[PDB]
Amino acid sequence: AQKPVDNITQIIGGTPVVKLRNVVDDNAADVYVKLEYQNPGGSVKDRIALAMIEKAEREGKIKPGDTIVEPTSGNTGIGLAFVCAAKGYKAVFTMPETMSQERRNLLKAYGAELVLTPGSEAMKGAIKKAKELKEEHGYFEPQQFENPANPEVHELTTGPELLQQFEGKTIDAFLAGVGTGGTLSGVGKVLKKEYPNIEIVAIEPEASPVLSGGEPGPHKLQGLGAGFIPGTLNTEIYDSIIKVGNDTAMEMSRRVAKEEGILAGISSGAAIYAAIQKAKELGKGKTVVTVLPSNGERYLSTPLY
Amino acid sequence: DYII
């Protein structure tokens with residue numbers, strides 16, 4: 001157990017890794033999952049929320065008490081709300097009015113302010129409004145799809161944690177769902193350096209396969225499928241792409257909760273499905289690693305559970 | 001739309 005800390009943000013990171021036992025066969029590679037929902041705010045996005053705020057503070061762009069703005073309906077808003085409460089900042093989020101009352105309650109429980117934009121305008125409307133608010137009011141915008149501190153924190157923390165966790169082992173393939181691409185890009189850089197024969201695999205929704213060259217579309221893999229290629233994604237880092245359908249991802253998340261006792265979100269079921277497909281290709285004795293971004297408790301009101 |  002960690003010695004006492006003065007601020008909850010000092011416990012972000014250092015997340016555990018579990019080997020899967022039942023949803024993958026003894027004929028396939030070993031599959032390991034990094035539990036990023038064990039971060040204190042509940043998802044991988046604690047890491048980038050802390051990193052973007054700390055970099056802007058270190059560059060003098062913000063100081064405690066300042067207000068930030070970000071267009072987000074997902075885990076990054078929860079992450080930024082959590083970090084801003086812990087570090088003494090004020091957070092404003094823009095988002096379409098289709099966001100659940102419970103999700104709103106979570107951001108407001110950390111003290112954030114919400115600015116709801118027209119549902120018919122989806123994320124475009126929220127992005128437009130956040131830029132308007134930034135220019136009118138002087139708010140700092142973290143900009144999770146452009147800020148280099150996003151992939152950099154994964155290069156400094158998440159990736160090197162994996163190198164410590166797998167010392168004396170070879171990772172043969174690392175797979176990650178792409179939302180901002182920061183996880184895949186920063187972890188992948190660190191793992192490719194240490195394990196030059198590793199395969200790095202991007203995961204995206206079948207229904208919006210923009211990295212594969214297809215057109216954006218509506219999909220249900222929350223946390224993935226931005227519909228564009230983010231600034232924070234290194235499109236050279238991955239050797240291949242695995243597309244996952246809505247239903248396939250949800251069926252795997254249900255299997256993993258019941259058969260491994262690991263209760264994770266939709267994007268985690270997509271990651272595990274892809275990792276098992278890759279493990280079958282690599283066969284016995286090899287090592288496949290992926291990341292579970294968020295916990296199934298955040299999805300109890302969705303079709304997943 | 002997306003939830004990120």
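Residues numbered from 1 in each chain as written, not as in the entry; some residues may be left out. Chains lettered and ligands numbered in written order. Heavy atoms only, no water. Residues with missing side-chain atoms left out of burial classes, pairs and counts.

Per the deposited record, the coordinates in this entry were obtained by X-ray crystallography to a resolution of 1.5000 Å.

Draft legend 1. Looking closely at the UniProt feature "binding site: pyridoxal 5'-phosphate" (unreviewed entry) in chain A. All names here are of chain A. The UniProt entry lists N75, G179, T180, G181, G182, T183 and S267 under the feature "binding site: pyridoxal 5'-phosphate" (unreviewed entry), expressed in the numbering used here. Classification of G179 by relative accessible area gives buried; the value is 8%. Structurally, the position occupied by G181 is in the loop between β6 (173-177) and α6 (182-194). With sequence-adjacent residues up to four places away left out, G181 is seen in contact with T232 and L233. (UniProt positions renumbered as here; feature names shortened; annotations may be inferred. Buried < 20%, exposed > 50% of the residue type's maximum accessible area, 1.4 Å probe, protein only. Helix = DSSP H or I, 4+ residues; strand = E, 2+ residues; numbered from the N terminus. Contact = heavy atoms within 4.5 Å.)

Draft legend 2. The arrangement of the packing of aromatic side chains in detail. Inspection of every chain in the model, using the stated rule, returns five aromatic pairs over all chains. When the ring of A:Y32 is compared with that of A:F166, the centres are 5.1 Å apart and the planes differ by 85 degrees; the resulting orientation is edge-to-face. With A:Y32 in strand β2 (residues 30-35) and A:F166 in the loop between α5 (149-165) and β6, this pair connects stretches of sequence that are 134 residues apart. Their ring planes at 85 degrees and their centres at 5.9 Å tell us that A:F145 and B:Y2 sit as a pair that is edge-to-face. For the pair A:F145 and B:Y2, a shared accessibility class is recorded, and that class is buried. (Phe/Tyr/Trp six-rings, centres within 6.5 Å; stacked < 30°, edge-to-face > 60°.)

Draft legend 3. Up close: the domain arrangement of chain A. All names here are of chain A. Considered domain by domain, chain A is made up of domain 1 (8-42 + 148-299) and domain 2 (62-137). Relative placement of domain 1 and domain 2: their C-alpha centres are 26 Å apart. Across the contact, eight residues belong to domain 1 and seven residues belong to domain 2. In total, about 650 Å² of surface goes out of reach between domain 1 and domain 2, with carbon and sulfur atoms giving 64% of it. Counting the surface domain 1 buries against domain 2, the share from its top three residues, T9, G41 and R298, is 60%. At the boundary of domain 1 and domain 2, one finds zero salt bridges. (Domains from an automatic or database assignment. Buried area = accessible area lost by both parts, 1.4 Å probe. Salt bridge = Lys/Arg side-chain N within 4 Å of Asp/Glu carboxyl O.)

Draft legend 4. Inspection of the sheet that holds strand β7 (residues 199-205) of chain A at higher detail. Residues and elements named next belong to chain A. Spatially, the six strands line up as an open sheet ordered β1-β2-β9-β6-β7-β8, and their pairing is mixed. Each of the sheet's edge strands pairs with one partner strand only, and the pair in question is β1 (17-19) and β8 (240-244). Adjacent strand axes in the sheet meet at a mean angle of 25 degrees when their direction is disregarded. In this sheet, β8 lies alongside β7 in parallel orientation, the contact comprising five bridges. Bridged to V201 within β8 is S240. Packing against the sheet, helix α8 (residues 266-282) makes contact with β2, β6, β7, β8 and β9 (287-292), and its axis sits at approximately 175 degrees to β9. (Pairing = 2+ DSSP bridges. Axes fitted to C-alpha atoms, helices over the stretch in contact; angles between N-to-C directions.)

Draft legend 5. The arrangement of the UniProt feature "domain: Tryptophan synthase beta chain-like PALP" (unreviewed entry) in chain A in detail. As recorded in UniProt, the feature "domain: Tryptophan synthase beta chain-like PALP" (unreviewed entry) lies at residues 8-293 of chain A. Regarding residues 8-293 of chain A, the helix share stands at 40% and the strand share at 17%, and the terminal C-alpha atoms are separated by 19 Å.

Draft legend 6. Inspection of the side chain of A:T15 at higher detail. Residue and element names in this part refer to chain A. Residue placement: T15 occurs in the segment before β1. Here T15 falls in the buried class, since its relative accessible area comes to 2%. At 2.9 Å, the side chain of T15 and the side chain of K34 are in polar contact. A polar side-chain atom of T15 sits 3.2 Å from a polar atom in the side chain of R47. Excluding anything up to four places from it in sequence, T15 contacts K34, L35, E36, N39, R47, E161 and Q165. (Polar contact = N/O pair within 3.5 Å; in protein donor to acceptor, adjacent residues only side chain to side chain.)

Draft legend 7. Summary view of the interface of chain B and chain A. Opposite the four residues of chain B that make contact, chain A presents 20 residues. In terms of residue class, the side of chain B that touches chain A is built from three nonpolar, no polar and one charged. (Nonpolar A, V, L, I, M, F, W, Y, C, P; charged D, E, K, R; others polar.)

Draft legend 8. Seen up close, the nonpolar core. Residues and elements named next belong to chain A. Core analysis: the largest hydrophobic core is formed by 35 residues, its most contacted members being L20, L175, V244, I262, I272, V288 and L292. Elements represented by at least two residues in this core include exactly β2, β6, β7, β8, α7 (246-260), α8 and β9. The greatest single-element share of this core, amounting to eight residues, is contributed by α8. Each residue touching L20, except ones within four places of it in the same chain, is listed here: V31, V33, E260, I262 and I272. (Core = buried A, V, L, I, M, F, W, Y, C linked by side-chain atoms within 4.5 Å.)

Draft legend 9. Just the packing of helix α1 (residues 45-58) of chain A against α5(A), in detail. Residues and elements named next belong to chain A. With their axes 9 Å apart at the nearest point, α1 and α5 run at an angle of 125 degrees to one another. By the angle between their axes, α1 is oblique relative to α5. Pair α1 / α5 crosses with right-handed handedness. In contact with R47, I48, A51, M52 and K55 of α1, α5 contributes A149, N150, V153, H154, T157, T158 and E161. A class-by-class count of the residues in the contact of α1 with α5 yields five nonpolar, four polar and three charged. (Parallel < 35°, antiparallel > 145°, perpendicular 65-115°, else oblique. Left-handed = near helix turned anticlockwise from the far one by under 90°.)

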